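Show me how the following folds:
(6 chains)
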Amino acid sequence: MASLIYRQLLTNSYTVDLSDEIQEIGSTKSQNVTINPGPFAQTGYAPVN
Amino acid sequence: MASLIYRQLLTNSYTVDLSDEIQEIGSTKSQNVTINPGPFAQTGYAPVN
Amino acid sequence: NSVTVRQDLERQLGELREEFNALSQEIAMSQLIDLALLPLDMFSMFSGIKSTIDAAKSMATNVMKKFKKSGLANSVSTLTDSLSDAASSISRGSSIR
Amino acid sequence: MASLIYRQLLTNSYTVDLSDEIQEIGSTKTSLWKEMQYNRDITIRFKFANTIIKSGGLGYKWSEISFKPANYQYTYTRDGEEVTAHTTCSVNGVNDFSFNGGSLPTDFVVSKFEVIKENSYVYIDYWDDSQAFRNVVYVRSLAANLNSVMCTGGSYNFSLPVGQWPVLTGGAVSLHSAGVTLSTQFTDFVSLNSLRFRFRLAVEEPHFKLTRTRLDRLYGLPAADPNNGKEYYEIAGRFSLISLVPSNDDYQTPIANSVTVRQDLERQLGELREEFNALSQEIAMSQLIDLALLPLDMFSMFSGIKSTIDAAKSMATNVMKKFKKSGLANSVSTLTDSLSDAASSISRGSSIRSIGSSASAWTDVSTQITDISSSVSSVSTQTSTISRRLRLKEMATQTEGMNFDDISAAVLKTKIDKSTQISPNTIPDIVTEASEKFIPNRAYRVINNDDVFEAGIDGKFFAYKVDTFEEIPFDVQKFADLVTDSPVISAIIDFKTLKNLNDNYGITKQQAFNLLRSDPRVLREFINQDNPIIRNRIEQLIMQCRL
Amino acid sequence: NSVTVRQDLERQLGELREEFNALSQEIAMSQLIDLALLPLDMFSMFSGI
Amino acid sequence: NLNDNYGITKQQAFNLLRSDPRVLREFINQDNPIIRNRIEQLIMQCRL
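Residues are numbered from 1 along each chain as shown, chains lettered A, B, ... in the order given. Sharing the structure here:
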């Protein structure tokens, strides 16, 4: 029935995962960002003459 | 109640094979993965003698 | 960039099954049959899952994979092909009763 | 029964898209058959290659360090025999690392630098010489147990005009085999098939560093020296194979090999139809009716196929994607469109039709246009058109009483399981033809408060009473608009057979009620005991389904 | 990188809804009733488009 | 409201079950009763 067809449309969700992993595997590159420090020391070279 | 639950767990055998095939063939044709250098410049005293 | 990750193991299935029965033996009664009338789906059968760590799709696929090798699947397949062959022609005239 | 089989296999035609896209992206750039056991113990030797390219100038900039598919050989001694092997390697899903020294032309820089981590794969193929290696064109299943290898990496150094040379040491990836399949391989125009091995990865503790560079504690085997100056990589393991051979009719003569695939059999269509006519001529008496009750889902439809390729489901649903070329999917699409757009146009679409009893699409849209035959009446034409349309539709939506597609798929299964010569790639046309070419002309019935009539796609039609049997004169419009909004009874037993059966053998009331409403219970109970004339009618009807 | 916008594709539905209303004003009266009776499935709805 | 028109003794046990399209179709096709207004507002009642 139309309402039953609507519930059927709700049921078959086990294909969206297949679809988007298909999208991902044929998609562009992956990447891995790296780590960075915080504050610093503000040093120099005093005894120069 | 359960009738259709066990019906659907049994019918989707036609889809599980598609799933394993597509995951394998995607594993075959995966593209390259490139890391990012990061927001820093790594330098050093190169020409020592 | 560690040495590697290490998947963890799990206890043998016997203790799981016995404690599963021990958990069954304190189920409610009226709400059980109250639930036993609503025919849900294949979807909400696995809607509420714990921590869903990139697992729901793979777990559903694994359920579908493992379900077809059960005794019930073999029994229904032998049912259907046996009746198809029986109706196909006069294949078995009279061997046993 | 089989009505729902056709419905949900048609609805599950949205899955053809994933298969089509993945297949496109993966190629961019009784039995008369017997199986042989094949369990030959195996081991394998590996080898890795590399490619290095510098940039012209002062010899300070380096462009790419990359892997490359290599192929070696070795001489095997197992079971007291000698065999030679050709093997090739490959890799996919490699991570890319880089190191910039700056811009001025006196500093070291490498642009592309591939290293393997826990996201890649390695591919291996065999070339044996035993007869097991020659029977790998038709295989049922494949499995292999292999031992892991604790592979490592070596050390490479550059060379610069001034200063001591930069070195690059270390590399370590463990291997774990998971998955075996089939492929082809060639090196000297010797193209013939082989089997593939895929592996998962794991890296170990050693540090793979670069000297005097702001770089340390790299994890993963690089492409500098993946061999440590060694020769091969010893990996042993079990192996299984259950391939088959196209054996002859006899039993004393097996075959020592298998010749080839893509053989030009492709046997001519039309010569694969008369044997179905014979099979139907020796089909059954009543057990097909027993078969015509259980709804045989997609799993049970192809449970006993016994093939070598699992893509049968995708093609077998592409077929009810592809009735676009026939008149099944086209008919449902067109008539759903007609009902849909007739439900929105009151201005023009609501007045451009013919007349039944009221503005309905199931009756007057049937009388759209058709060139008339030599000599017929009028009412026959409208009855034929409306019966044809509600035939094509009401069958595929819902009804009461046993329906004709049930027996249609019944004869389908009786042919498929008792075929004895069908390839996995000829069913995706037999199913289409049988869904269309069968069921040529069947009549339909509906009950209305002791008043009942019938018509079919032959130009014939009658009307008669329930609790007696005589003809009453026919009318059109009230009958049309009462069949518009009622479940219909697929007339398995037509009017003349009912009249003859009542006249000769008599009938009780309960039998009349449960027979006029297409209940298979009374049908089987009646044809089982003594096979009267309607046994002839049903044998003709199952004879009628020609192709 | 770009300061990603917090809205996407709404500027189409925002104008499409009113013409939905305008066209739905003049639906038929008897034909949509029996348009509901046939169980128009997942394939049928999305085919004739 | 409709009970001013008779429609009784076979239509009550069906239209009260509120599930059969047959009797409502037969009413809507020729009678043009209050139910026509009811379902017309119902159709309008789902604006979006």
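
Residue C:59 should be in a helix, yeah?
Yes: checked against DSSP: H, G, I helix; E, B strand; the rest coil, residue C:59 lies within a helix.

Let me know whether stretch A:27-39 sits next to chain C.
No: on the criterion C-beta under 8 Å from any C-beta of the partner chain, stretch A:27-39 is out of touch with chain C, staying 8.8 Å away. In short, each C-beta sits where N, CA and C put it, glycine included.

buried ones in that stretch?
The neighbour-count check on stretch A:27-39 (16 or more other C-beta atoms under 10 Å in any protein chain shown) flags nothing as buried.

Next one: it, is it in contact with chain B?
Yes: part of stretch A:27-39 sits near chain B under the criterion C-beta under 8 Å from any C-beta, namely A:28, A:29, A:30, A:31, A:32, A:33, A:34, A:36.

Out of those, name the two that are farthest from one another.
The span of the residues of stretch A:27-39 next to chain B, defined through C-beta to C-beta, is set by A:28 and A:36 at 24.7 Å.

List the residues that contact the spatially most central residue of chain C.
Per C-alpha atoms, centre = their mean, the C-alpha nearest to the average position across chain C is that of residue C:67, at 5.1 Å. Going by C-beta atoms under 8 Å, 6 or more residues apart in numbering or on different chains, residue C:67 touches B:9, B:10, B:13, C:73.

Export those residues as a markdown table, with columns for secondary structure and distance to chain D.
Conversion of the contacts of residue C:67 to a markdown table gives the following (DSSP: H, G, I helix; E, B strand; the rest coil; distance: C-beta to the nearest C-beta, whole Å):
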| residue | secondary structure | distance to chain D |
| --- | --- | --- |
| B:9 | helix | 10 |
| B:10 | helix | 5 |
| B:13 | helix | 5 |
| C:73 | helix | 7 |
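
and which of those is nearest residue C:52?
Distances from residue C:52 to the contacts of residue C:67, taken by C-beta to C-beta, are shortest for residue B:9, at 20.1 Å.

Could you check how far the residue nearest to that closest one when sequence neighbours are not counted is from residue B:6?
Using C-beta to C-beta, 6 or more residues apart in numbering or on different chains and skipping the chain neighbours, the partner closest in space to residue B:9 is residue C:67 (4.9 Å). Per C-beta to C-beta, to the nearest Å, residue C:67 is found 9 Å from residue B:6.

ditto for residue A:41
68 Å.

Spell out which residues of chain A are next to chain C.
So far as C-beta under 8 Å from any C-beta goes, chain A lies against chain C at A:7, A:10, A:11, A:12, A:13, A:14, A:17, A:18, A:21.

tally of neighbours for the third one?
Put plainly, it is residue A:11. 16 (other C-beta atoms under 10 Å in any protein chain shown).

these two touch, right, it and residue C:40?
No: Residue A:11 is beyond contact range of residue C:40, at 9.2 Å (criterion: C-beta atoms under 8 Å).

Neighbours of residue C:84, how many?
Neighbour tally, residue C:84, other C-beta under 10 Å: 22.

do residue A:17 as well
Neighbours of residue A:17 (other C-beta under 10 Å): 15.

For it, grab phi and psi.
Phi and psi for residue A:17, reported as degrees, to the nearest 10, are phi -60, psi -40.

Please list all residues in contact with it.
Residue A:17 sits in contact with C:56, C:57, C:60, C:61, where contact means C-beta under 8 Å, 6+ apart.

thinking the third one is in contact with residue A:14, fair?
Yes: with the criterion set as C-beta under 8 Å, residue C:60 and residue A:14 qualify as a contacting pair; they are 5.3 Å apart.

For stretch C:25-38, give me every contacting residue.
So stretch C:25-38 is contacted by residue B:1 (C-beta under 8 Å, 6+ apart).

Return the distance of it from the chain's centre.
Remark: stretch C:25-38 is offset 20 Å from the chain centroid, using C-alpha atoms, centre = their mean, to the nearest Å.

What is the end-to-end distance of it?
The first and last residues of stretch C:25-38 sit 23 Å apart, counting by C-alpha to C-alpha, to the nearest Å.

Wait, residue C:59 touches residue C:49, no?
Yes: with contacts counted by C-beta under 8 Å, residue C:59 reaches residue C:49, the gap being 7.0 Å.

Name the SS class of residue C:75, please.
Under three-state DSSP, residue C:75 comes out as helix.

who touches residue C:81 in this structure?
D:303, D:304, D:417.

let's see 6 Å
residue D:304 (C-beta atoms under 6 Å, 6 or more residues apart in numbering or on different chains).

ok but it is inside a strand, no?
No: under three-state DSSP, residue C:81 sits outside any strand and is assigned helix.

Please report how far the residue in chain C positioned nearest to chain A lies from chain B.
Per C-beta to the nearest C-beta, residue C:57 is where chain C lies closest to chain A, at 3.4 Å. According to C-beta to the nearest C-beta, to the nearest Å, residue C:57 stands 9 Å off from chain B.

so what's that residue up against?
Residue C:57 neighbours (C-beta under 6 Å, 6+ apart): residue A:17.

just residue A:29 next, same as before
B:33, B:34.

where's it, which helix or strand?
According to DSSP states H and E, residue A:29 maps onto no helix or strand at all.

Where do the helices of chain C begin and end?
For chain C, the helices defined by DSSP state H occupy C:13-24, C:30-35, C:56-67, C:71-88.

Just the strands from chain A, written as ranges.
In chain A, no strands are defined using DSSP state E.

Chain D contacts on that one?
A:18, A:26 (C-beta under 6 Å from any C-beta of the partner chain).

Mind doing that once more with 8 Å?
So chain A meets chain D at A:8, A:15, A:18, A:19, A:22, A:26 (C-beta under 8 Å from any C-beta).

Please apply the same query to chain C.
Residues of chain C lying near chain D (C-beta under 8 Å from any C-beta): C:1-5, C:68, C:73, C:76-77, C:80-81, C:83-89.

buried subset of these?
Using 16+ other C-beta under 10 Å as the threshold, C:68, C:73, C:76, C:80, C:81, C:83, C:84, C:85, C:86, C:87, C:88 are the buried ones among the residues of chain C next to chain D.

Among the residues you listed, find me the one that's closest to chain E.
After measuring those against chain E - C-beta to the nearest C-beta - the closest member comes out as residue C:68, at 23.6 Å.

In chain A, what residue lies closest to chain B?
residue A:25 (3.6 Å).

typo on my end, chain C
Counting by C-beta to the nearest C-beta, chain C gets nearest chain B through residue C:42, at 3.9 Å.

so that residue touches residue B:2, yeah?
No: using C-beta under 8 Å, residue C:42 is not in contact with residue B:2; the gap is 11.1 Å.

and residue C:61, how many neighbours?
Residue C:61: 19 neighbours (other C-beta under 10 Å).

Report the contact partners of it.
A:14, A:17, B:16, B:19.

ditto for residue A:4
Taking C-beta under 8 Å, 6+ apart as the test, what residue A:4 contacts is residue E:39.

With residue C:86 instead?
C:92, D:287.

Flag every residue of chain A that's near chain E.
So chain A meets chain E at A:1, A:2, A:4, A:5, A:8, A:9, A:12 (C-beta under 8 Å from any C-beta).
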